[PDB]
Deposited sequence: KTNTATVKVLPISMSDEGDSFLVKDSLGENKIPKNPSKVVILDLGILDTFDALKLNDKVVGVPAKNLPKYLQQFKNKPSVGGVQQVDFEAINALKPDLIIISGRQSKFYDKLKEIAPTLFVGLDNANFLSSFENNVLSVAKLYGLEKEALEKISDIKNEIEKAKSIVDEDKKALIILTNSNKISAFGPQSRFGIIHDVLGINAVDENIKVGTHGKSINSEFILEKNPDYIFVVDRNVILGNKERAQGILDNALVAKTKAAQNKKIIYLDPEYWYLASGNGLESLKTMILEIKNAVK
């Protein structure tokens, strides 16, 4: 899984989960398909190195990239746009690893997908590997070290005797998520305890939410990105959920899907912002 780099000379020899590539030092035409790593390009001030972004799903907090050429959205990738960009590096995560072999036949292709078993070290590893390509380890490391400092302050104020449920809404169905899921940060990094123990979505309904009776419900609404009419606020407005501690104490928290579901915490900007979003809610 983890990312290792050996300095040849003009270039690095980089091994990741999917394979090995000859990527040059200071690549100047980069296609980026992971949104978290695109916020990490912005943090380290490398906007001009980015030649193409997936503009279909481009979040509010990355609209400084709205006029980069589009190479698609996160599901469907435009090979003929990526192709005409003559990039020297393409960066992808899990949603594009389907196309690993075809993108590799165009350019060195770096996988930077997160490991939900080891979020912090795989996150730190992705950020540093990228900064290593441009010689910005120093700047990245102090930015990581800030994030770690904000984490410890978020933990301080966590009340250990309270439990949380994480759920995702889709059309009018609901799914539960736990530890080491794609949303596991809340449990694994910030240490908020889970109401239930269950494998890495899990289909549930409102009676399940009540017999569990969480103090917090963190809600990720997929409907927005999917372009559906319905919303989580509508779905969770029933008399079963109204009886939970979380409802009675107004601790049903709608998390920003652009952060939690699209970038998934895989950037310097997004992770810091997500830690603060939880901090202010469990406060």
Got a list of the deposited-sequence ranges with no coordinates? 1 to 9, 210 to 213
